[PDB]
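The next block holds one structure in the form of C-alpha cells; read it before the comments.
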Amino acid sequence: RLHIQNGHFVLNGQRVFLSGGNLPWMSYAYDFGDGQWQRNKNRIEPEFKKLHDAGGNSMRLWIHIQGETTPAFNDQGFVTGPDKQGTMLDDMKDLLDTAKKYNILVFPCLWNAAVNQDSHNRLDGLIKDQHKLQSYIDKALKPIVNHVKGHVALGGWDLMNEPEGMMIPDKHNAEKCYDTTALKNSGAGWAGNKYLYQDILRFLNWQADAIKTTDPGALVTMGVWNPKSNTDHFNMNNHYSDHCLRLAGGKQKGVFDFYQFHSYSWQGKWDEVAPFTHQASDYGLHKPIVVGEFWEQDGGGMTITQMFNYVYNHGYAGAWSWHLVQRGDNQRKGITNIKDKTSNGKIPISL
C-alpha cells in the first residue's frame, strides 16, 4: 500500500509521483450510500478506465460533501450510521475494488467547505459540537475506515475540501495556530465568515486520529484552497502543522501525512504565493506536497500540459487536475505527457 519513506511517497518499492485528477463526483453528494453507488457505477467506472488509459495513477473524489446523503443524521444533528439503507460500507469497498482493476489509487474527500449549502446545519454541528463530532466518528467514520482497512487501492483520506471557504479571516488570536490575520484580504471566507480555527482544527485532528487508530497504515491529508493557510513562509501562517492539530484536539495521531495545495490564477494572474510560480521547497514544509487541484482556464496562461510538467519539475509530490468528468478531454493530454517521467518518482503502478 502507499506509504511515505524518507519524506517521499513510495509504492511497491519505488518512489511514486501521484498523477491524475479530481473526478470530482458523478452526482454531487449523491454517489455513495443509500444505493447510490451501484446507480452511478456505470458512469464512474468508465472515468477510472479513461484515467488509467491516459496514464494516471490517482483519483480524488468527494463523498459526504456537506451531508446531503451520507452520513445519516438524526433530526438533532447526531450521526446514526454511515447511511440509512445499509449500502455505504459495500459501496466504499466496491469503489476501491473497482479502482484496483484500473491501477488507480483513490483519495476520497470526506467533507467540503467551498460552498455554504449545509442543509439542516449538519456539517456545522460536527464542526462546532464535540458530541456530534464524536457520533460521526463512532457511528460512521470508524466503521467505514475499518471496512476498507488496508485496501491496496486506497491512496489516502482527504478530510476536507477547502476549509478556508468558511473560515473567518483577519481574526486575532493569542495562539498562532488560531490567528488568521495573515489571511486578511486573501479571499478566505468567500462562502461566509463562519468558523474559528480551534473548532476546525479539532474537527480535523479528531478525524485524522480516528482514521489512524482504526487503520494505522492509512494516510491522511486535507486540501487547502491556497497554500496561504498552509505555510509559515510568504508572510503567512501554517495552520495545519502537527503541533496545531494536536494543540486543538489533543489526539496524538491526528496529524496529516502529506499536504495538498490547490492553485488557481485569478483574472489570469498567479498570486504571490502560487505553487505554479514557486517550488515545493519554498514553502518550508516537511511532508510531501501534492498540487491537488488546478485547471487550464485558471492556469495563468499555461497549457494543461505545461501545468502537469511544472508540478512534476518543481519538487511537488503529485498533480491532480480539476473535474475530469467535464474537462478530461483536455486534462488527459497532460496526464499522458508526463506518464513516463521518472526523475521525481515513477507514475505507472500495479495494484
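Nothing in this text is a laboratory measurement; each read-out follows from the coordinates by a stated rule. Note that each Cβ is placed from the backbone with ideal geometry, even for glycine, and that neighbours are counted across all protein chains shown.
Evaluate E = 1/(1 + (r/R0)^6) for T213 and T303, where r is the Cβ-Cβ distance and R0 equals 41 Å; express this FRET efficiency to the nearest 0.05.
The computed FRET efficiency comes out at 0.40.
How large is the dipole of segment 218-351 about the Cα centre if only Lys and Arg carry +1 and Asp and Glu carry -1, each at its Cβ, rounded to the nearest 20 debye?
For this selection, approximately 380 debye.
Could you tell me the convex hull volume per residue, in Å³, taken over the Cα atoms of segment 123-266?
109 Å³
I'm checking a number: the convex hull volume of the Cα atoms of segment 45-201, normalised per residue, in Å³. What is it?
That works out to 134 Å³ per residue.
Which value, in debye to the nearest 20, gives the size of the charge dipole of the chain about its Cα centre, when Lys and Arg are +1 and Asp and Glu are -1 at the Cβ?
740 debye
Could you state the principal axis extents of the C-alpha atoms in the chain, from the largest down, to the nearest angstrom?
51, 46, 37
Considering only C-alpha atoms, what is the centroid distance from segment 1-55 to segment 112-152, in Å?
Spelled out, the Cα-based centre of one part sits 21 Å from the other.
Set the bar at 25 Å for Cα to Cα. Now go through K100/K128; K149/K253; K128/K212; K171/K253 and name every pair that lies beyond it.
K100/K128; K171/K253
Show me 128-136, 163-171 ranked by packing, highest mean number of other Cβ atoms within 10 Å first.
With the highest mean Cβ count within 10 Å placed first, the list reads 163-171, 128-136.
Stretch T336-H3 to full length: gain in nm at 0.36 nm per residue minus the Cα-Cα span?
This chain segment gains 117.5 nm when fully extended.
Which value, in debye to the nearest 20, describes the size of the charge dipole of segment 194-262 about its Cα centre when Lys and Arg Cβ atoms bear +1, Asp and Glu Cβ atoms bear -1, and nothing else is charged?
Result for segment 194-262 is approximately 140 debye, rounded to the nearest 20.
Which FRET efficiency, nearest 0.05, do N313 and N235 yield, Cβ-Cβ r, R0 22 Å?
After rounding to 0.05, the efficiency reads 0.25.
Ranked highest first by the average count of other Cβ atoms within 10 Å around their residues, in what order do 281-287, 219-225 fall?
219-225, 281-287
At a 10 Å Cβ-Cβ cut-off, how would you order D138, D94, fewest neighbours first?
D138, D94
Return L11, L105 ranked ascending by Cβ neighbour count within 10 Å, so the fewest neighbours appear first.
Fewest to most other Cβ atoms nearby, the residues stand as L11, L105.
Counting helices only, and only those DSSP H runs with n ≥ 4, report the 222 nm mean residue ellipticity of the chain as the sum of -39,500 (n - 2.57) divided by its residues, in deg cm²/dmol to the nearest 500.
Value at 222 nm, helices only: -9000 deg cm²/dmol.
Using a simple spin-label model with points 7 Å from Cα along the Cα→Cβ vector, what separation in nm is obtained for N185 and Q130?
The two pseudo-label positions are separated by 3.8 nm.
Multiplying the sequence separation of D242 and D90 by 0.36 nm and subtracting their Cα-Cα distance, what value in nm do you get?
51.5 nm
Would you please give the FRET efficiency between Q326 and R39, computed as 1/(1 + (r/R0)^6) with r the Cβ-Cβ distance and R0 = 30 Å, to the nearest 0.05?
Efficiency at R0 = 30 Å is approximately 0.90.
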